[PDB]
Structure formats: structure tokens, C-alpha cells
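**Q** Structure file data_4.cif, mmCIF, N, CA and C atoms and all ligand atoms, is pasted below:
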data_target
#
loop_
_atom_site.label_atom_id
_atom_site.label_comp_id
_atom_site.auth_asym_id
_atom_site.auth_seq_id
_atom_site.Cartn_x
_atom_site.Cartn_y
_atom_site.Cartn_z
N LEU A 167 -5.36 -14.66 39.18
CA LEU A 167 -4.84 -13.47 38.52
C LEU A 167 -3.32 -13.52 38.46
N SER A 168 -2.76 -12.76 37.53
CA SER A 168 -1.32 -12.69 37.40
C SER A 168 -0.73 -11.93 38.58
N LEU A 169 0.59 -11.82 38.59
CA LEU A 169 1.24 -11.07 39.66
C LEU A 169 1.05 -9.58 39.45
N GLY A 170 1.44 -9.07 38.28
CA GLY A 170 1.31 -7.65 38.03
C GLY A 170 -0.11 -7.15 38.16
N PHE A 171 -1.08 -7.97 37.75
CA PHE A 171 -2.47 -7.57 37.87
C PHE A 171 -2.86 -7.39 39.32
N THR A 172 -2.59 -8.39 40.15
CA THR A 172 -2.88 -8.26 41.57
C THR A 172 -2.15 -7.07 42.17
N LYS A 173 -0.92 -6.83 41.74
CA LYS A 173 -0.18 -5.68 42.24
C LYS A 173 -0.94 -4.40 41.97
N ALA A 174 -1.30 -4.17 40.71
CA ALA A 174 -2.04 -2.95 40.37
C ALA A 174 -3.35 -2.88 41.13
N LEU A 175 -4.02 -4.02 41.28
CA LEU A 175 -5.34 -4.02 41.91
C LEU A 175 -5.23 -3.63 43.37
N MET A 176 -4.41 -4.35 44.14
CA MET A 176 -4.26 -4.00 45.54
C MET A 176 -3.59 -2.65 45.71
N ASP A 177 -2.90 -2.13 44.69
CA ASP A 177 -2.42 -0.76 44.76
C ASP A 177 -3.58 0.22 44.74
N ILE A 178 -4.50 0.04 43.80
CA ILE A 178 -5.69 0.88 43.81
C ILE A 178 -6.46 0.70 45.10
N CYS A 179 -6.46 -0.51 45.66
CA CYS A 179 -7.17 -0.73 46.91
C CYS A 179 -6.51 0.02 48.06
N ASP A 180 -5.18 0.03 48.10
CA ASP A 180 -4.49 0.83 49.11
C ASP A 180 -4.74 2.31 48.89
N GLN A 181 -4.93 2.73 47.64
CA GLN A 181 -5.26 4.12 47.39
C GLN A 181 -6.65 4.46 47.91
N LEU A 182 -7.60 3.54 47.77
CA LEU A 182 -8.95 3.82 48.24
C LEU A 182 -9.01 3.78 49.76
N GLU A 183 -8.33 2.82 50.39
CA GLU A 183 -8.22 2.82 51.84
C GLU A 183 -7.50 4.06 52.35
N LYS A 184 -6.51 4.54 51.60
CA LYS A 184 -5.81 5.77 51.92
C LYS A 184 -6.58 7.01 51.50
N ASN A 185 -7.81 6.83 51.00
CA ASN A 185 -8.79 7.88 50.79
C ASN A 185 -8.41 8.82 49.66
N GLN A 186 -7.24 8.66 49.05
CA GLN A 186 -6.76 9.54 47.99
C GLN A 186 -7.50 9.19 46.71
N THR A 187 -8.64 9.84 46.50
CA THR A 187 -9.49 9.51 45.36
C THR A 187 -8.79 9.82 44.04
N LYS A 188 -8.21 11.01 43.92
CA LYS A 188 -7.61 11.43 42.66
C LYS A 188 -6.54 10.44 42.20
N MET A 189 -5.54 10.19 43.05
CA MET A 189 -4.53 9.21 42.70
C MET A 189 -5.14 7.84 42.46
N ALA A 190 -6.19 7.49 43.20
CA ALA A 190 -6.82 6.19 43.02
C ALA A 190 -7.46 6.08 41.64
N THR A 191 -8.30 7.05 41.28
CA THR A 191 -8.96 6.97 39.98
C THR A 191 -7.95 7.08 38.85
N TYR A 192 -6.88 7.84 39.03
CA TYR A 192 -5.86 7.88 37.99
C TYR A 192 -5.16 6.54 37.87
N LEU A 193 -4.93 5.86 39.00
CA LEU A 193 -4.31 4.55 38.94
C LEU A 193 -5.22 3.55 38.26
N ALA A 194 -6.53 3.66 38.48
CA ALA A 194 -7.46 2.78 37.78
C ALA A 194 -7.45 3.06 36.29
N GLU A 195 -7.40 4.33 35.91
CA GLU A 195 -7.32 4.68 34.50
C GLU A 195 -6.05 4.13 33.88
N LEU A 196 -4.94 4.22 34.61
CA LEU A 196 -3.70 3.63 34.13
C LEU A 196 -3.83 2.12 33.99
N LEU A 197 -4.50 1.48 34.95
CA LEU A 197 -4.74 0.05 34.87
C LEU A 197 -5.47 -0.30 33.59
N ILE A 198 -6.53 0.44 33.28
CA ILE A 198 -7.32 0.09 32.11
C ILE A 198 -6.53 0.39 30.84
N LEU A 199 -5.65 1.38 30.88
CA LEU A 199 -4.80 1.65 29.74
C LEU A 199 -3.72 0.60 29.58
N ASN A 200 -3.35 -0.06 30.67
CA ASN A 200 -2.20 -0.94 30.71
C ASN A 200 -2.57 -2.41 30.58
N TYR A 201 -3.84 -2.76 30.79
CA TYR A 201 -4.28 -4.14 30.78
C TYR A 201 -5.54 -4.35 29.97
N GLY A 202 -5.98 -3.35 29.22
CA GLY A 202 -7.14 -3.51 28.38
C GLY A 202 -8.45 -3.61 29.13
N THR A 203 -9.55 -3.47 28.42
CA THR A 203 -10.87 -3.45 29.03
C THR A 203 -11.54 -4.81 29.06
N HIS A 204 -10.85 -5.87 28.66
CA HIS A 204 -11.43 -7.19 28.70
C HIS A 204 -10.32 -8.21 28.83
N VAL A 205 -10.63 -9.32 29.48
CA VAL A 205 -9.71 -10.44 29.59
C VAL A 205 -10.26 -11.58 28.75
N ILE A 206 -9.38 -12.21 27.99
CA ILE A 206 -9.77 -13.24 27.05
C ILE A 206 -9.86 -14.57 27.79
N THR A 207 -10.90 -15.34 27.50
CA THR A 207 -11.04 -16.66 28.07
C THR A 207 -11.10 -17.75 27.02
N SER A 208 -10.87 -17.42 25.76
CA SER A 208 -10.97 -18.40 24.69
C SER A 208 -10.35 -17.83 23.43
N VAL A 209 -9.48 -18.60 22.80
CA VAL A 209 -8.95 -18.28 21.49
C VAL A 209 -8.99 -19.54 20.65
N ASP A 210 -8.76 -19.39 19.36
CA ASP A 210 -8.77 -20.51 18.43
C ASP A 210 -7.44 -20.50 17.69
N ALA A 211 -6.51 -21.32 18.14
CA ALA A 211 -5.22 -21.40 17.47
C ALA A 211 -5.44 -21.89 16.05
N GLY A 212 -5.25 -21.01 15.08
CA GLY A 212 -5.41 -21.41 13.71
C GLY A 212 -4.59 -20.51 12.82
N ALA A 213 -4.84 -20.63 11.53
CA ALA A 213 -4.24 -19.73 10.56
C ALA A 213 -5.20 -19.59 9.40
N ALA A 214 -5.00 -18.53 8.63
CA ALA A 214 -5.85 -18.25 7.50
C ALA A 214 -4.99 -17.78 6.35
N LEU A 215 -5.58 -17.75 5.17
CA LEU A 215 -4.90 -17.28 3.98
C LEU A 215 -5.96 -16.88 2.99
N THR B 117 2.47 8.98 -80.88
CA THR B 117 2.87 8.32 -82.12
C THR B 117 2.77 9.36 -83.23
N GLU B 118 3.32 9.04 -84.40
CA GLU B 118 3.16 9.86 -85.60
C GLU B 118 3.68 9.09 -86.81
N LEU B 119 3.10 9.40 -87.98
CA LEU B 119 3.53 8.87 -89.27
C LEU B 119 2.89 9.71 -90.38
N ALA B 120 3.50 9.65 -91.57
CA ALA B 120 2.89 10.07 -92.82
C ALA B 120 3.83 9.70 -93.95
N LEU B 121 3.29 9.73 -95.17
CA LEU B 121 4.08 9.49 -96.37
C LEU B 121 4.24 10.73 -97.24
N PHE B 122 3.69 11.87 -96.83
CA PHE B 122 3.75 13.09 -97.63
C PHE B 122 4.56 14.19 -96.95
N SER B 123 4.20 14.60 -95.74
CA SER B 123 4.90 15.71 -95.09
C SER B 123 5.24 15.50 -93.62
N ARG B 124 4.52 14.67 -92.87
CA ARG B 124 4.63 14.68 -91.41
C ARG B 124 4.73 13.25 -90.87
N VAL B 125 5.95 12.71 -90.86
CA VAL B 125 6.23 11.42 -90.23
C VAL B 125 7.24 11.62 -89.11
N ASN B 126 6.83 11.30 -87.89
CA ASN B 126 7.64 11.52 -86.70
C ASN B 126 7.51 10.34 -85.74
N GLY B 127 8.04 10.53 -84.54
CA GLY B 127 7.88 9.58 -83.46
C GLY B 127 7.99 10.30 -82.13
N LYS B 128 7.24 9.86 -81.13
CA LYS B 128 7.32 10.46 -79.81
C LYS B 128 6.79 9.49 -78.77
N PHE B 129 7.44 9.46 -77.60
CA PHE B 129 6.95 8.72 -76.43
C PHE B 129 7.45 9.47 -75.20
N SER B 130 6.62 10.37 -74.67
CA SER B 130 7.00 11.14 -73.48
C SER B 130 6.53 10.42 -72.22
N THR B 131 7.00 9.19 -72.07
CA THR B 131 6.56 8.34 -70.97
C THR B 131 7.09 8.86 -69.64
N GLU B 132 6.28 8.75 -68.60
CA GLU B 132 6.62 9.26 -67.28
C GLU B 132 6.20 8.27 -66.21
N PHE B 133 6.84 8.38 -65.05
CA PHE B 133 6.52 7.55 -63.89
C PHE B 133 6.78 8.37 -62.64
N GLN B 134 5.83 8.38 -61.72
CA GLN B 134 6.02 8.98 -60.41
C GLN B 134 5.52 7.99 -59.36
N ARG B 135 6.42 7.54 -58.50
CA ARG B 135 6.07 6.65 -57.40
C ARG B 135 6.64 7.23 -56.12
N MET B 136 5.87 7.15 -55.04
CA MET B 136 6.30 7.62 -53.73
C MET B 136 5.78 6.65 -52.69
N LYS B 137 6.64 5.76 -52.22
CA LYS B 137 6.30 4.81 -51.17
C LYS B 137 6.79 5.34 -49.84
N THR B 138 5.87 5.56 -48.91
CA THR B 138 6.21 5.97 -47.56
C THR B 138 5.63 4.97 -46.58
N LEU B 139 6.48 4.47 -45.68
CA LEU B 139 6.04 3.67 -44.55
C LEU B 139 6.29 4.45 -43.27
N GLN B 140 5.49 4.16 -42.25
CA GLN B 140 5.69 4.75 -40.93
C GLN B 140 5.24 3.72 -39.91
N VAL B 141 6.16 2.91 -39.45
CA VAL B 141 5.91 2.03 -38.32
C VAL B 141 6.15 2.84 -37.06
N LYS B 142 5.37 2.58 -36.01
CA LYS B 142 5.54 3.30 -34.76
C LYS B 142 5.09 2.39 -33.62
N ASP B 143 6.05 1.87 -32.87
CA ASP B 143 5.80 0.91 -31.81
C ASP B 143 6.15 1.54 -30.47
N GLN B 144 5.36 1.23 -29.44
CA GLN B 144 5.55 1.85 -28.13
C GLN B 144 5.11 0.87 -27.04
N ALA B 145 6.07 0.15 -26.48
CA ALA B 145 5.79 -0.74 -25.36
C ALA B 145 5.97 0.00 -24.05
N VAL B 146 5.17 -0.37 -23.05
CA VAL B 146 5.26 0.22 -21.72
C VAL B 146 4.91 -0.83 -20.67
N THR B 147 5.84 -1.09 -19.76
CA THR B 147 5.61 -2.01 -18.66
C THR B 147 5.79 -1.26 -17.35
N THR B 148 5.04 -1.66 -16.33
CA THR B 148 5.11 -0.98 -15.04
C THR B 148 4.65 -1.95 -13.96
N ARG B 149 5.60 -2.50 -13.21
CA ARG B 149 5.28 -3.37 -12.09
C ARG B 149 5.49 -2.62 -10.78
N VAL B 150 4.67 -2.96 -9.79
CA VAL B 150 4.81 -2.48 -8.42
C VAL B 150 4.35 -3.62 -7.55
N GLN B 151 5.14 -3.98 -6.54
CA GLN B 151 4.70 -5.05 -5.66
C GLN B 151 5.39 -4.91 -4.32
N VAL B 152 4.63 -5.12 -3.25
CA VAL B 152 5.00 -4.71 -1.91
C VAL B 152 4.66 -5.81 -0.92
N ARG B 153 5.60 -6.11 -0.02
CA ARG B 153 5.42 -7.13 1.01
C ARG B 153 5.39 -6.50 2.39
N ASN B 154 4.68 -7.13 3.31
CA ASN B 154 4.66 -6.72 4.71
C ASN B 154 4.56 -7.92 5.63
N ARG B 155 5.23 -7.83 6.77
CA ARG B 155 5.13 -8.80 7.83
C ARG B 155 5.06 -8.05 9.15
N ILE B 156 4.37 -8.61 10.14
CA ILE B 156 4.50 -8.05 11.48
C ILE B 156 4.61 -9.19 12.47
N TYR B 157 5.18 -8.92 13.66
CA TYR B 157 5.14 -9.86 14.78
C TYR B 157 5.40 -9.07 16.06
N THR B 158 4.34 -8.62 16.72
CA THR B 158 4.44 -7.46 17.59
C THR B 158 5.04 -7.78 18.95
N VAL B 159 5.31 -6.72 19.71
CA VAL B 159 6.07 -6.75 20.96
C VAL B 159 5.61 -5.61 21.84
N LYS B 160 5.30 -5.90 23.09
CA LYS B 160 4.88 -4.90 24.05
C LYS B 160 5.81 -4.92 25.25
N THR B 161 5.91 -3.79 25.93
CA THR B 161 6.66 -3.73 27.18
C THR B 161 5.76 -4.15 28.32
N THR B 162 6.31 -4.92 29.25
CA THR B 162 5.48 -5.42 30.33
C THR B 162 4.99 -4.25 31.17
N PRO B 163 3.78 -4.34 31.72
CA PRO B 163 3.22 -3.20 32.44
C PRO B 163 3.87 -2.92 33.77
N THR B 164 4.86 -3.71 34.18
CA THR B 164 5.46 -3.56 35.50
C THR B 164 6.97 -3.43 35.44
N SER B 165 7.52 -2.97 34.32
CA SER B 165 8.96 -2.83 34.26
C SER B 165 9.38 -1.50 34.88
N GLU B 166 10.67 -1.38 35.14
CA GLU B 166 11.23 -0.23 35.83
C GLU B 166 12.16 0.53 34.90
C1 LIG A 301 -12.12 9.72 53.93
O1 LIG A 301 -12.67 10.82 53.20
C2 LIG A 301 -14.05 11.09 53.53
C3 LIG A 301 -14.49 12.21 52.62
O2 LIG A 301 -13.67 13.36 52.76
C4 LIG A 301 -14.17 11.44 55.01
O3 LIG A 301 -15.55 11.62 55.33
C5 LIG A 301 -13.58 10.33 55.87
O4 LIG A 301 -13.58 10.71 57.23
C6 LIG A 301 -12.15 10.03 55.42
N1 LIG A 301 -11.57 8.96 56.21
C7 LIG A 301 -12.03 7.70 56.24
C8 LIG A 301 -11.28 6.75 57.12
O5 LIG A 301 -13.02 7.35 55.60
#
If you convert what's in this file into C-alpha cells, what do you get?
Ligand SMILES: *[C@@H]1O[C@H](CO)[C@@H](O)[C@H](O)[C@H]1NC(C)=O
**A**
Amino acid sequence: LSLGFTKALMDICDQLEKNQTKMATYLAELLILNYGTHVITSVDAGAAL
Amino acid sequence: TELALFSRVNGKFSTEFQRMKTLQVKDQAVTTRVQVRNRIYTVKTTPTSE
């Protein structure tokens, strides 16, 4: 994983260990808003016209 | 026309001409071009900036 991704992830994990559900779920929502709902594992470098 | 040898010898030609030539040319050209270009090359802010 990237650096920022791991940062956000272990941040939510510290929120869950810190039992703060509200801030935790909001941080997860921010994560999904900030990193999209899917990670790409394949693209096709090309062009079209 | 007219003629005689006794009482009534004359001449007449009341010739007439009426001509009326009218032309009406009417030309109307109209051109209208519209053309539009677009390019994009996007940019996002990193999710961890301050
Ligand atoms: C966390 O919150 C839950 C629910 O309020 C509570 O039962 C628990 O004692 C809290 N602490 C830990 C360490 O789970």
C-alpha cells in the first residue's frame, strides 16, 4: 500500500481502538471519498480517435 | 387606308406600340459556421496535503 493509504487506514484503526465510533466511521467515509471505492490492478495504455 | 377617284381619297396609319419589360432578380446568400474545440488534462490535490 501507499504511504497516505496506510496512514488513513491505521488512523481509522486507532479510532476503533480508541472506541470513538463516530469519528471512526466519519474517517472511513472520508477515506472512501478521498481514495475511491476501487483500486485498479490493470490498465491498457492506448489511444483512440 | 383610304382611296377614291370621286369624293373620298385619304390616308391614315394610327400605328401604336406598347412594351413593358420588367425584370426582378433577387439573390440571398446565407452562411453560418460554428465550431468548437475542447481539451482536458486533469489534476487532483493529494489526499494528504496540509
Ligand atoms: C468500548 O465501548 C464499548 C461500548 O460502549 C464498551 O463496552 C467497552 O468497554 C469500551 N472499551 C473497550 C476497551 O472496548
**Q** Identify all chain A residues at most 8 Å from chain B by counting only C-alpha atoms; ligands do not count. Present them as an mmCIF file with N, CA and C atoms, in the frame of the given file.
**A**
data_model
loop_
_atom_site.group_PDB
_atom_site.id
_atom_site.type_symbol
_atom_site.label_atom_id
_atom_site.label_comp_id
_atom_site.auth_asym_id
_atom_site.auth_seq_id
_atom_site.Cartn_x
_atom_site.Cartn_y
_atom_site.Cartn_z
ATOM 1 N N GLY A 170 1.440 -9.070 38.280
ATOM 2 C CA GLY A 170 1.310 -7.650 38.030
ATOM 3 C C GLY A 170 -0.110 -7.150 38.160
ATOM 4 N N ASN A 200 -3.350 -0.060 30.670
ATOM 5 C CA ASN A 200 -2.200 -0.940 30.710
ATOM 6 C C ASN A 200 -2.570 -2.410 30.580
ATOM 7 N N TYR A 201 -3.840 -2.760 30.790
ATOM 8 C CA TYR A 201 -4.280 -4.140 30.780
ATOM 9 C C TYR A 201 -5.540 -4.350 29.970
#
**Q** Using all atoms listed in the file, which protein or nucleic acid residues are at most 8 Å from ligand LIG 301 (chain A), as a PyMOL selection string?
**A** chain A and resi 182-187
**Q** Return as a VMD selection string the full set of residues in chain A whose backbone-based DSSP assignment is helix (DSSP H, G or I).
**A** chain A and resid 169 to 183 187 to 201
**Q** Keeping only N, CA and C atoms, write the selected residues to a file as an mmCIF file, in the coordinates of the input.
**A**
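Output saved as again00.cif:
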data_model
loop_
_atom_site.group_PDB
_atom_site.id
_atom_site.type_symbol
_atom_site.label_atom_id
_atom_site.label_comp_id
_atom_site.auth_asym_id
_atom_site.auth_seq_id
_atom_site.Cartn_x
_atom_site.Cartn_y
_atom_site.Cartn_z
ATOM 1 N N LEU A 169 0.590 -11.820 38.590
ATOM 2 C CA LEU A 169 1.240 -11.070 39.660
ATOM 3 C C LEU A 169 1.050 -9.580 39.450
ATOM 4 N N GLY A 170 1.440 -9.070 38.280
ATOM 5 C CA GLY A 170 1.310 -7.650 38.030
ATOM 6 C C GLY A 170 -0.110 -7.150 38.160
ATOM 7 N N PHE A 171 -1.080 -7.970 37.750
ATOM 8 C CA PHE A 171 -2.470 -7.570 37.870
ATOM 9 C C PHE A 171 -2.860 -7.390 39.320
ATOM 10 N N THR A 172 -2.590 -8.390 40.150
ATOM 11 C CA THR A 172 -2.880 -8.260 41.570
ATOM 12 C C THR A 172 -2.150 -7.070 42.170
ATOM 13 N N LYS A 173 -0.920 -6.830 41.740
ATOM 14 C CA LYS A 173 -0.180 -5.680 42.240
ATOM 15 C C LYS A 173 -0.940 -4.400 41.970
ATOM 16 N N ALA A 174 -1.300 -4.170 40.710
ATOM 17 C CA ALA A 174 -2.040 -2.950 40.370
ATOM 18 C C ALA A 174 -3.350 -2.880 41.130
ATOM 19 N N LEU A 175 -4.020 -4.020 41.280
ATOM 20 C CA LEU A 175 -5.340 -4.020 41.910
ATOM 21 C C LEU A 175 -5.230 -3.630 43.370
ATOM 22 N N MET A 176 -4.410 -4.350 44.140
ATOM 23 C CA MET A 176 -4.260 -4.000 45.540
ATOM 24 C C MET A 176 -3.590 -2.650 45.710
ATOM 25 N N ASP A 177 -2.900 -2.130 44.690
ATOM 26 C CA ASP A 177 -2.420 -0.760 44.760
ATOM 27 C C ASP A 177 -3.580 0.220 44.740
ATOM 28 N N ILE A 178 -4.500 0.040 43.800
ATOM 29 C CA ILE A 178 -5.690 0.880 43.810
ATOM 30 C C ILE A 178 -6.460 0.700 45.100
ATOM 31 N N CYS A 179 -6.460 -0.510 45.660
ATOM 32 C CA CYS A 179 -7.170 -0.730 46.910
ATOM 33 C C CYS A 179 -6.510 0.020 48.060
ATOM 34 N N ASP A 180 -5.180 0.030 48.100
ATOM 35 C CA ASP A 180 -4.490 0.830 49.110
ATOM 36 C C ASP A 180 -4.740 2.310 48.890
ATOM 37 N N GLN A 181 -4.930 2.730 47.640
ATOM 38 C CA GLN A 181 -5.260 4.120 47.390
ATOM 39 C C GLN A 181 -6.650 4.460 47.910
ATOM 40 N N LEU A 182 -7.600 3.540 47.770
ATOM 41 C CA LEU A 182 -8.950 3.820 48.240
ATOM 42 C C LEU A 182 -9.010 3.780 49.760
ATOM 43 N N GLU A 183 -8.330 2.820 50.390
ATOM 44 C CA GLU A 183 -8.220 2.820 51.840
ATOM 45 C C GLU A 183 -7.500 4.060 52.350
ATOM 46 N N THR A 187 -8.640 9.840 46.500
ATOM 47 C CA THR A 187 -9.490 9.510 45.360
ATOM 48 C C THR A 187 -8.790 9.820 44.040
ATOM 49 N N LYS A 188 -8.210 11.010 43.920
ATOM 50 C CA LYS A 188 -7.610 11.430 42.660
ATOM 51 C C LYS A 188 -6.540 10.440 42.200
ATOM 52 N N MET A 189 -5.540 10.190 43.050
ATOM 53 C CA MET A 189 -4.530 9.210 42.700
ATOM 54 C C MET A 189 -5.140 7.840 42.460
ATOM 55 N N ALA A 190 -6.190 7.490 43.200
ATOM 56 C CA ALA A 190 -6.820 6.190 43.020
ATOM 57 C C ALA A 190 -7.460 6.080 41.640
ATOM 58 N N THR A 191 -8.300 7.050 41.280
ATOM 59 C CA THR A 191 -8.960 6.970 39.980
ATOM 60 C C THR A 191 -7.950 7.080 38.850
ATOM 61 N N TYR A 192 -6.880 7.840 39.030
ATOM 62 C CA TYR A 192 -5.860 7.880 37.990
ATOM 63 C C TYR A 192 -5.160 6.540 37.870
ATOM 64 N N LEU A 193 -4.930 5.860 39.000
ATOM 65 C CA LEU A 193 -4.310 4.550 38.940
ATOM 66 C C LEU A 193 -5.220 3.550 38.260
ATOM 67 N N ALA A 194 -6.530 3.660 38.480
ATOM 68 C CA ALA A 194 -7.460 2.780 37.780
ATOM 69 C C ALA A 194 -7.450 3.060 36.290
ATOM 70 N N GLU A 195 -7.400 4.330 35.910
ATOM 71 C CA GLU A 195 -7.320 4.680 34.500
ATOM 72 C C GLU A 195 -6.050 4.130 33.880
ATOM 73 N N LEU A 196 -4.940 4.220 34.610
ATOM 74 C CA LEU A 196 -3.700 3.630 34.130
ATOM 75 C C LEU A 196 -3.830 2.120 33.990
ATOM 76 N N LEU A 197 -4.500 1.480 34.950
ATOM 77 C CA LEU A 197 -4.740 0.050 34.870
ATOM 78 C C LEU A 197 -5.470 -0.300 33.590
ATOM 79 N N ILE A 198 -6.530 0.440 33.280
ATOM 80 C CA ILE A 198 -7.320 0.090 32.110
ATOM 81 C C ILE A 198 -6.530 0.390 30.840
ATOM 82 N N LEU A 199 -5.650 1.380 30.880
ATOM 83 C CA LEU A 199 -4.800 1.650 29.740
ATOM 84 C C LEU A 199 -3.720 0.600 29.580
ATOM 85 N N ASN A 200 -3.350 -0.060 30.670
ATOM 86 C CA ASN A 200 -2.200 -0.940 30.710
ATOM 87 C C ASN A 200 -2.570 -2.410 30.580
ATOM 88 N N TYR A 201 -3.840 -2.760 30.790
ATOM 89 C CA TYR A 201 -4.280 -4.140 30.780
ATOM 90 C C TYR A 201 -5.540 -4.350 29.970
#
**Q** As JSON, please: the centre and edge lengths in Å, to one decimal, of an axis-aligned box enclosing every listed atom of segment 127-146 of chain B with 4 Å added on each side.
**A**
{"center_x": 6.5, "center_y": 5.2, "center_z": -52.6, "size_x": 11.1, "size_y": 20.0, "size_z": 71.9}
**Q** I'd like the interatomic distance between atom C of residue 213 of chain A and atom C of residue 199 of chain A, to a tenth of an Å.
**A**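 Between atom C of residue 213 of chain A and atom C of residue 199 of chain A the gap is 28.6 Å.
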**Q** Between atom CA of residue 190 of chain A and atom CA of residue 169 of chain A, what is the distance, to one decimal in Å?
**A**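 Calculated distance between atom CA of residue 190 of chain A and atom CA of residue 169 of chain A is 19.3 Å.
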**Q** Report, in Å with one decimal, the straight-line distance from atom N of residue 197 of chain A to atom CA of residue 210 of chain A.
**A** 27.8 Å
